[PDB]
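final-v5.txt follows (compact mmCIF, C-alpha atoms and all ligand atoms):
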```txt
# COMPACT_ATOMS: atom_id res chain seq x y z
CA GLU A 697 -93.82 0.90 8.73
CA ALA A 698 -93.47 1.43 12.52
CA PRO A 699 -90.45 0.01 14.40
CA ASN A 700 -91.04 -3.30 16.20
CA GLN A 701 -89.71 -2.75 19.73
CA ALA A 702 -90.82 -6.14 21.06
CA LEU A 703 -88.45 -7.73 23.58
CA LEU A 704 -87.01 -11.14 22.70
CA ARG A 705 -86.36 -12.75 26.08
CA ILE A 706 -83.62 -15.38 26.25
CA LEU A 707 -84.01 -17.97 29.00
CA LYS A 708 -81.28 -19.85 30.84
CA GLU A 709 -81.60 -23.63 30.78
CA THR A 710 -81.11 -23.64 34.56
CA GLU A 711 -84.41 -21.69 34.84
CA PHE A 712 -86.60 -24.62 33.72
CA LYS A 713 -87.59 -27.36 36.17
CA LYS A 714 -89.80 -30.46 36.11
CA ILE A 715 -89.76 -30.71 32.31
CA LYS A 716 -92.08 -33.61 31.41
CA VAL A 717 -93.18 -34.50 27.87
CA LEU A 718 -96.61 -33.24 26.81
CA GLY A 719 -97.15 -34.35 23.22
CA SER A 720 -95.54 -35.33 19.94
CA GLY A 721 -96.82 -34.98 16.41
CA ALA A 722 -96.70 -32.85 13.27
CA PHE A 723 -96.21 -29.92 15.70
CA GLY A 724 -92.89 -31.44 16.76
CA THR A 725 -92.48 -32.34 20.44
CA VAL A 726 -93.99 -30.31 23.28
CA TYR A 727 -92.94 -30.40 26.95
CA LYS A 728 -94.67 -29.28 30.13
CA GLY A 729 -92.57 -27.67 32.82
CA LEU A 730 -91.89 -24.84 35.22
CA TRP A 731 -89.98 -21.63 34.54
CA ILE A 732 -88.37 -20.18 37.67
CA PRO A 733 -86.97 -16.70 36.95
CA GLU A 734 -84.03 -16.62 39.32
CA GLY A 735 -84.61 -14.64 42.49
CA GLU A 736 -88.32 -14.08 41.91
CA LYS A 737 -90.35 -16.34 44.22
CA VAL A 738 -92.51 -17.34 41.25
CA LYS A 739 -92.98 -20.65 39.41
CA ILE A 740 -94.60 -20.11 36.00
CA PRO A 741 -96.08 -23.20 34.27
CA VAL A 742 -94.85 -23.27 30.67
CA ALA A 743 -94.84 -25.35 27.52
CA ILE A 744 -91.60 -25.92 25.61
CA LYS A 745 -91.63 -26.86 21.93
CA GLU A 746 -88.83 -28.00 19.65
CA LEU A 747 -88.59 -29.90 16.36
CA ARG A 748 -89.03 -33.64 15.82
CA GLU A 749 -86.13 -33.41 13.33
CA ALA A 750 -82.47 -32.36 13.47
CA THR A 751 -80.44 -29.24 14.19
CA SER A 752 -80.74 -28.39 10.47
CA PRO A 753 -79.94 -24.68 10.03
CA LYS A 754 -83.17 -24.22 8.09
CA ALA A 755 -85.24 -25.57 10.99
CA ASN A 756 -83.74 -22.93 13.28
CA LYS A 757 -84.41 -20.26 10.64
CA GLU A 758 -88.15 -21.03 10.64
CA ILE A 759 -88.29 -21.59 14.41
CA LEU A 760 -86.80 -18.14 14.97
CA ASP A 761 -89.33 -16.70 12.49
CA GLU A 762 -92.27 -18.05 14.48
CA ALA A 763 -90.43 -16.68 17.51
CA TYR A 764 -90.30 -13.24 15.87
CA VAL A 765 -94.07 -13.09 15.33
CA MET A 766 -95.05 -14.62 18.67
CA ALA A 767 -92.68 -12.23 20.48
CA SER A 768 -94.59 -9.33 18.86
CA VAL A 769 -98.17 -10.15 19.93
CA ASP A 770 -99.81 -9.18 23.23
CA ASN A 771 -103.52 -9.93 23.57
CA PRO A 772 -105.69 -11.92 26.02
CA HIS A 773 -106.76 -14.25 23.18
CA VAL A 774 -103.37 -14.71 21.50
CA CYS A 775 -100.57 -16.78 23.01
CA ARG A 776 -97.38 -14.82 23.54
CA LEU A 777 -93.80 -16.07 23.37
CA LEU A 778 -92.40 -15.99 26.89
CA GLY A 779 -88.91 -16.50 25.50
CA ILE A 780 -86.57 -18.84 23.69
CA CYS A 781 -83.87 -21.19 24.98
CA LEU A 782 -80.68 -21.26 22.91
CA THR A 783 -80.07 -24.99 22.71
CA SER A 784 -78.76 -26.68 19.54
CA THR A 785 -82.22 -26.57 18.04
CA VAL A 786 -83.98 -23.47 19.35
CA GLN A 787 -86.78 -24.11 21.85
CA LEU A 788 -89.84 -21.86 21.95
CA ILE A 789 -91.31 -21.24 25.43
CA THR A 790 -94.90 -20.18 26.02
CA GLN A 791 -97.60 -20.24 28.68
CA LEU A 792 -98.84 -23.73 29.52
CA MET A 793 -102.51 -24.07 28.52
CA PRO A 794 -103.55 -27.00 30.72
CA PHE A 795 -106.59 -28.21 28.73
CA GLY A 796 -104.68 -28.58 25.46
CA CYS A 797 -105.98 -27.62 22.05
CA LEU A 798 -109.63 -26.83 21.48
CA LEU A 799 -109.89 -29.53 18.78
CA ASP A 800 -109.05 -32.38 21.14
CA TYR A 801 -111.07 -30.64 23.87
CA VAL A 802 -114.40 -30.56 22.02
CA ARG A 803 -113.76 -34.15 20.91
CA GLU A 804 -113.28 -35.44 24.45
CA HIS A 805 -116.04 -33.42 26.15
CA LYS A 806 -118.78 -33.57 23.46
CA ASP A 807 -121.39 -34.70 26.01
CA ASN A 808 -120.60 -31.82 28.42
CA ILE A 809 -120.18 -28.73 26.19
CA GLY A 810 -123.04 -26.24 26.14
CA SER A 811 -124.08 -23.53 23.70
CA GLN A 812 -122.71 -20.91 26.11
CA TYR A 813 -119.19 -22.32 25.86
CA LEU A 814 -119.42 -22.87 22.09
CA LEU A 815 -120.57 -19.33 21.27
CA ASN A 816 -118.15 -17.82 23.79
CA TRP A 817 -115.19 -19.50 22.09
CA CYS A 818 -116.40 -18.03 18.79
CA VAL A 819 -116.33 -14.53 20.29
CA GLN A 820 -112.89 -15.12 21.80
CA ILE A 821 -111.28 -16.51 18.64
CA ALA A 822 -112.61 -13.57 16.63
CA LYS A 823 -111.27 -11.14 19.26
CA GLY A 824 -107.79 -12.60 18.90
CA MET A 825 -108.03 -12.63 15.12
CA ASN A 826 -109.27 -9.04 15.13
CA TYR A 827 -106.25 -8.14 17.26
CA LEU A 828 -104.02 -9.90 14.73
CA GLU A 829 -105.69 -7.81 12.02
CA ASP A 830 -104.87 -4.63 13.96
CA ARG A 831 -101.23 -5.76 14.08
CA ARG A 832 -101.38 -6.38 10.28
CA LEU A 833 -100.92 -10.13 10.82
CA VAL A 834 -102.22 -12.79 8.46
CA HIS A 835 -102.24 -15.94 10.57
CA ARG A 836 -102.54 -18.28 7.53
CA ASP A 837 -103.18 -21.33 9.72
CA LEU A 838 -106.24 -20.64 11.83
CA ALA A 839 -107.84 -23.95 12.85
CA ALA A 840 -109.32 -25.62 15.91
CA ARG A 841 -106.07 -27.56 16.39
CA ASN A 842 -104.27 -24.20 16.70
CA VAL A 843 -106.49 -22.80 19.49
CA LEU A 844 -105.33 -23.57 23.04
CA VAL A 845 -107.57 -23.79 26.11
CA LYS A 846 -106.32 -22.10 29.29
CA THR A 847 -109.63 -22.70 31.07
CA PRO A 848 -112.95 -23.85 29.57
CA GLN A 849 -113.90 -20.16 29.66
CA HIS A 850 -110.69 -18.74 28.14
CA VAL A 851 -109.14 -19.80 24.83
CA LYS A 852 -106.20 -18.28 22.94
CA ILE A 853 -104.84 -18.49 19.38
CA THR A 854 -101.38 -19.98 18.76
CA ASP A 855 -99.07 -21.41 16.06
CA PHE A 856 -97.50 -18.62 14.00
CA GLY A 857 -95.36 -20.85 11.79
CA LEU A 858 -97.15 -19.54 8.69
CA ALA A 859 -97.99 -16.02 9.89
CA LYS A 860 -96.90 -13.07 7.75
CA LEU A 861 -96.77 -9.33 8.40
CA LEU A 862 -98.29 -7.12 5.72
CA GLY A 863 -96.73 -3.82 4.75
CA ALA A 864 -98.28 -0.47 5.64
CA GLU A 865 -99.91 -0.33 2.19
CA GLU A 866 -99.56 -4.01 1.23
CA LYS A 867 -102.97 -5.69 1.15
CA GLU A 868 -102.15 -9.27 0.12
CA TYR A 869 -99.47 -11.87 0.78
CA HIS A 870 -98.45 -13.83 -2.31
CA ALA A 871 -96.79 -17.06 -1.19
CA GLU A 872 -94.82 -19.85 -2.85
CA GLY A 873 -95.02 -23.63 -2.61
CA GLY A 874 -95.15 -25.56 0.64
CA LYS A 875 -97.52 -27.76 2.62
CA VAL A 876 -100.63 -25.78 3.51
CA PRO A 877 -103.83 -26.90 5.23
CA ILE A 878 -105.91 -26.83 2.05
CA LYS A 879 -109.12 -27.85 3.80
CA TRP A 880 -108.90 -24.60 5.82
CA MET A 881 -107.89 -21.96 3.26
CA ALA A 882 -110.01 -19.83 0.98
CA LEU A 883 -110.48 -20.56 -2.71
CA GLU A 884 -108.25 -17.67 -3.81
CA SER A 885 -105.52 -19.07 -1.55
CA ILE A 886 -105.71 -22.49 -3.21
CA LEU A 887 -105.83 -21.09 -6.75
CA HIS A 888 -103.53 -18.05 -6.59
CA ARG A 889 -101.75 -18.50 -3.21
CA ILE A 890 -103.16 -15.13 -2.09
CA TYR A 891 -103.59 -14.57 1.66
CA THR A 892 -105.41 -11.73 3.42
CA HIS A 893 -107.22 -11.02 6.66
CA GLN A 894 -110.33 -12.00 4.72
CA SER A 895 -108.79 -15.35 3.82
CA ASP A 896 -108.21 -15.84 7.55
CA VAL A 897 -111.97 -15.28 7.93
CA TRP A 898 -112.59 -18.27 5.67
CA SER A 899 -110.31 -20.28 7.95
CA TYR A 900 -112.29 -18.92 10.91
CA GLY A 901 -115.46 -20.22 9.24
CA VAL A 902 -113.98 -23.72 8.99
CA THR A 903 -112.74 -23.43 12.58
CA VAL A 904 -116.24 -22.58 13.84
CA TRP A 905 -117.63 -25.52 11.85
CA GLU A 906 -115.10 -27.70 13.70
CA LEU A 907 -116.48 -26.61 17.07
CA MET A 908 -120.16 -26.99 16.16
CA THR A 909 -119.50 -30.49 14.80
CA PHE A 910 -117.65 -31.28 18.07
CA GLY A 911 -114.40 -31.96 16.23
CA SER A 912 -115.38 -33.43 12.87
CA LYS A 913 -112.91 -33.41 9.98
CA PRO A 914 -113.68 -30.91 7.17
CA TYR A 915 -114.44 -32.65 3.88
CA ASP A 916 -113.91 -36.00 5.58
CA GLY A 917 -112.97 -38.42 2.84
CA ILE A 918 -112.42 -36.04 -0.07
CA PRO A 919 -108.72 -35.88 -0.98
CA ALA A 920 -106.95 -32.51 -0.93
CA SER A 921 -106.75 -32.16 -4.72
CA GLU A 922 -110.55 -32.07 -5.18
CA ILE A 923 -111.18 -29.25 -2.70
CA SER A 924 -110.56 -26.49 -5.25
CA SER A 925 -112.94 -28.10 -7.75
CA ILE A 926 -115.57 -28.68 -5.06
CA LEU A 927 -115.45 -25.08 -3.82
CA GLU A 928 -115.73 -23.87 -7.42
CA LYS A 929 -118.95 -25.83 -7.99
CA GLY A 930 -120.40 -23.87 -5.07
CA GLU A 931 -120.23 -26.65 -2.48
CA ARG A 932 -119.40 -25.85 1.16
CA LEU A 933 -119.27 -27.67 4.50
CA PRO A 934 -122.71 -28.90 5.62
CA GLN A 935 -124.91 -27.36 8.29
CA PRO A 936 -124.08 -28.93 11.68
CA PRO A 937 -127.06 -30.55 13.45
CA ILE A 938 -126.95 -28.29 16.53
CA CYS A 939 -126.66 -25.18 14.34
CA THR A 940 -129.62 -22.92 13.75
CA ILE A 941 -129.72 -21.27 10.33
CA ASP A 942 -128.63 -18.08 12.10
CA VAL A 943 -125.28 -19.61 13.06
CA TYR A 944 -124.80 -21.60 9.84
CA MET A 945 -125.41 -18.43 7.78
CA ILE A 946 -122.44 -16.80 9.53
CA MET A 947 -120.30 -19.78 8.49
CA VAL A 948 -121.56 -19.63 4.90
CA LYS A 949 -120.81 -15.89 4.82
CA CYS A 950 -117.19 -16.70 5.68
CA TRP A 951 -117.05 -18.85 2.51
CA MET A 952 -118.08 -16.27 -0.09
CA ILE A 953 -116.17 -16.28 -3.35
CA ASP A 954 -115.88 -12.50 -2.96
CA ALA A 955 -113.39 -12.05 -0.12
CA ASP A 956 -114.62 -8.51 0.62
CA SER A 957 -118.19 -9.79 1.02
CA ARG A 958 -117.15 -12.08 3.88
CA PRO A 959 -117.61 -10.77 7.43
CA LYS A 960 -114.85 -8.84 9.17
CA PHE A 961 -113.53 -10.14 12.49
CA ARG A 962 -114.85 -7.07 14.33
CA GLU A 963 -118.30 -8.01 13.01
CA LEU A 964 -118.00 -11.71 13.94
CA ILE A 965 -117.29 -10.46 17.48
CA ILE A 966 -120.48 -8.38 17.48
CA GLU A 967 -122.69 -11.08 15.94
CA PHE A 968 -121.51 -13.85 18.25
CA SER A 969 -121.69 -11.60 21.33
CA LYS A 970 -125.36 -11.01 20.54
CA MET A 971 -125.93 -14.75 20.19
CA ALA A 972 -123.91 -15.53 23.33
CA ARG A 973 -126.47 -13.49 25.31
CA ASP A 974 -129.22 -16.03 24.50
CA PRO A 975 -127.20 -19.13 23.60
CA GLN A 976 -130.11 -21.62 23.47
CA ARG A 977 -131.80 -19.60 20.71
CA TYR A 978 -128.90 -20.24 18.31
CA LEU A 979 -127.52 -23.68 19.25
CA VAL A 980 -129.72 -26.70 19.96
CA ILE A 981 -127.84 -29.23 22.11
CA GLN A 982 -129.42 -32.15 23.95
CA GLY A 983 -129.05 -31.52 27.69
CA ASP A 984 -127.73 -27.94 27.39
CA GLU A 985 -129.56 -26.65 30.50
CA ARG A 986 -127.84 -29.50 32.39
CA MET A 987 -124.27 -28.98 31.16
CA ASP A 1003 -100.51 -29.68 39.83
CA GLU A 1004 -97.51 -30.98 41.86
CA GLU A 1005 -96.61 -29.94 45.45
CA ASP A 1006 -95.08 -26.68 44.10
CA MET A 1007 -98.15 -24.43 44.25
CA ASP A 1008 -97.44 -21.83 46.95
CA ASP A 1009 -95.46 -19.78 44.45
CA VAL A 1010 -97.06 -20.86 41.16
CA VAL A 1011 -98.09 -17.87 39.04
CA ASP A 1012 -99.78 -18.05 35.65
CA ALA A 1013 -97.95 -16.29 32.83
CA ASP A 1014 -100.86 -13.84 32.55
CA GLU A 1015 -99.90 -12.53 36.01
CA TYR A 1016 -96.12 -12.33 35.41
CA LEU A 1017 -95.48 -9.10 33.50
CA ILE A 1018 -91.98 -8.08 32.26
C1 LIG A 1101 -104.71 -29.59 19.08
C2 LIG A 1101 -103.93 -30.69 18.96
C3 LIG A 1101 -102.62 -30.88 19.72
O1 LIG A 1101 -102.10 -31.99 19.58
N1 LIG A 1101 -101.99 -29.88 20.55
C4 LIG A 1101 -100.69 -30.17 21.26
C5 LIG A 1101 -99.45 -29.52 20.56
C6 LIG A 1101 -99.13 -28.19 20.73
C7 LIG A 1101 -98.19 -27.40 19.69
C8 LIG A 1101 -99.29 -27.49 22.14
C9 LIG A 1101 -98.86 -26.28 22.77
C10 LIG A 1101 -98.00 -25.14 22.17
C11 LIG A 1101 -98.43 -24.30 21.03
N2 LIG A 1101 -97.67 -23.31 20.50
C12 LIG A 1101 -96.37 -23.00 21.04
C13 LIG A 1101 -95.49 -21.92 20.50
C14 LIG A 1101 -94.24 -21.64 21.05
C15 LIG A 1101 -93.75 -22.43 22.18
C16 LIG A 1101 -94.54 -23.45 22.70
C17 LIG A 1101 -95.87 -23.76 22.15
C18 LIG A 1101 -96.73 -24.82 22.68
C19 LIG A 1101 -99.38 -26.26 24.17
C20 LIG A 1101 -99.30 -25.32 25.33
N3 LIG A 1101 -98.59 -24.08 25.25
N4 LIG A 1101 -99.95 -25.67 26.52
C21 LIG A 1101 -100.65 -26.88 26.58
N5 LIG A 1101 -100.77 -27.79 25.56
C22 LIG A 1101 -100.13 -27.48 24.35
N6 LIG A 1101 -100.08 -28.24 23.11
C23 LIG A 1101 -100.73 -29.63 22.79
```
Spell out the structure here as structure tokens.
Amino acid sequence: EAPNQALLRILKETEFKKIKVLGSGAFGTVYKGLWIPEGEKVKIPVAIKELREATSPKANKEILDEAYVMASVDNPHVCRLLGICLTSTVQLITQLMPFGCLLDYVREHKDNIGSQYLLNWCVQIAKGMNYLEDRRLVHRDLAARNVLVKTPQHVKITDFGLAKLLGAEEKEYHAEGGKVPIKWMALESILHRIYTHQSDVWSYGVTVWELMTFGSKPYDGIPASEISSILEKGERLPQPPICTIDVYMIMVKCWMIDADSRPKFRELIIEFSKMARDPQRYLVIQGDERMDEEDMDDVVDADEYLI
């Protein structure tokens, strides 16, 4: 394989100002704040993320593994690691995405989201995933909760805690035990713990279903242990109301038993771009046609602060 020359930036604690808490949950604890690289008259809004646990050595081992992957990606639809802060438990720093995750976004703004925005997000998520496929990255946890919203018109993929790099001739990742989002992974992943770029496509299919249902829960009700038996009977997630058969067929295609028969990310880009050019022909939404701080002089988004 090729040598990974990504730069792992280490950030002084004195460089972070106005750290205010952003959220807490299974993702740990996330903070909003400002990163002021010393000297540079720039104030970059950031998000800081640690662990809702203890300075357990194993926690830092997995933190620094997500750091390794996120430090190695550079794409307009993938979140990049700005750096890490070497406190007791390692903190991961990234660009602040002010509108939060796409999952909570579609849930809160159901009555104001048009087909244009929906289809555009589908293009953008597939562009980031296609980039990850170029970098030989199996995300292994694609889901609406793991897509951040910079602006309503610009979303990016995040959360690399399960991501794995495949070898130059390695085609699959065989895993071991551990909590996995079963309602998002392909059948072969649940049965044989096999992960590929085509299993990520299955996860993409569920993620798209999440957007078209405006944030519904996949297999709402069914416990996790029945999913494998349900998918083996041939059952899949239902057609969302706003979804034409054209769109729902793309979802179904992501859920083929044959992983190689599922669409490739580069194709999902093409198909959704076509649909995004006439969005009302493919999504039917009622009313579609009709759908901080005093430190700002030197604020610069992370996308405009380059090495
Ligand atoms: C979708 C549901 C949800 O509750 N999202 C919140 C939690 C997260 C993790 C988050 C981040 C975020 C994601 N990934 C990172 C990787 C390394 C370092 C830091 C992060 C932070 C986030 C960001 N970056 N901006 C805005 N809101 C964010 N949330 C909310």
Please return, as a list in words, all polymer residues that have at least one atom within 9 Å of the point (-108.8, -10.4, 21.9); use only C-alpha atoms and the file's own coordinate frame. residues 771, 772, 773, 774, 819, 820, 821, 822, 823, 824, 825, 826, 827, 828 and 852 of chain A
Kindly provide, as a PDB file with C-alpha atoms, in the coordinates of the input, the polymer residues lying within 6 Å of (-107.8, -21.3, 18.2), counting all atoms listed in the file and using the coordinates exactly as they appear in the file.
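Saved result, selection_23.pdb, follows:
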```pdb
ATOM      1  CA  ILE A 821    -111.280 -16.510  18.640  1.00  0.00           C
ATOM      2  CA  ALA A 839    -107.840 -23.950  12.850  1.00  0.00           C
ATOM      3  CA  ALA A 840    -109.320 -25.620  15.910  1.00  0.00           C
ATOM      4  CA  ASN A 842    -104.270 -24.200  16.700  1.00  0.00           C
ATOM      5  CA  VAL A 843    -106.490 -22.800  19.490  1.00  0.00           C
ATOM      6  CA  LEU A 844    -105.330 -23.570  23.040  1.00  0.00           C
ATOM      7  CA  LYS A 852    -106.200 -18.280  22.940  1.00  0.00           C
ATOM      8  CA  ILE A 853    -104.840 -18.490  19.380  1.00  0.00           C
TER       9      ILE A 853
END
```
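Going from atom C21 of ligand LIG 1101 (chain A) over to CA of residue 851 in chain A, you cover 11.2 Å.
Across the model, the gap from atom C4 of ligand LIG 1101 (chain A) to CA of residue 809 in chain A is 20.2 Å.
Distance annotation: of A:781, A:859, A:726, A:927, the residue with the minimal separation from ligand LIG 1101 (chain A) is A:726; atom set is all atoms listed in the file.
Of the listed residues A:707, A:941, A:862, A:718, the one whose atoms come nearest to residue 780 in chain A is A:707, with distances taken using all atoms listed in the file.
Across the model, the gap from CA of residue 944 in chain A to CA of residue 811 in chain A is 14.0 Å.
Among A:919, A:901, A:936, A:794, the residue with the shortest atom-to-atom distance to ligand LIG 1101 (chain A), counting all atoms listed in the file, is A:794.
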Residues within 6 Å of ligand LIG 1101 (chain A) (only C-alpha atoms and all ligand atoms), as number ranges by chain? A: 719, 723, 743-745, 788-794, 796-797, 799-800, 841-842, 854-855
Do a neighbour search on residue 857 in chain A at 9 Å with all atoms listed in the file, toss out local chain neighbours closer than 2 positions, and write the hits as a VMD selection string. chain A and resid 758 to 759 761 to 763 765 835 to 837 855 859 to 860
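In terms of minimum interatomic distance to residue 907 in chain A, A:804 ranks closest within A:866, A:884, A:804, A:1012, counting all atoms listed in the file.
Here the question is which of A:808, A:725, A:752, A:925 gets nearest to residue 787 in chain A using all atoms listed in the file, and that residue is A:725.
Remark: for residue 807 in chain A, the closest of the candidate residues A:872, A:910, A:933, A:949 is A:910 (distances computed over all atoms listed in the file).
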Could you list, as a ChimeraX atom specification, every residue within 12 Å of residue 735 in chain A, counting only C-alpha atoms and ignoring same-chain residues fewer than 4 positions away? /A:711,731,739
Keeping C-alpha atoms, export the residues of the selection given above as a CSV table (one decimal), keeping the file's coordinate frame.
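So the final result, stored in result_11.csv, reads:
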```csv
chain,number,residue,atom,x,y,z
A,711,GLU,CA,-84.4,-21.7,34.8
A,731,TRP,CA,-90.0,-21.6,34.5
A,739,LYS,CA,-93.0,-20.6,39.4
```
Polymer residues at most 7 Å from residue 979 in chain A, all atoms listed in the file, same-chain spacing of 3 or more positions, as a ChimeraX atom specification: /A:811,938-940,975-976
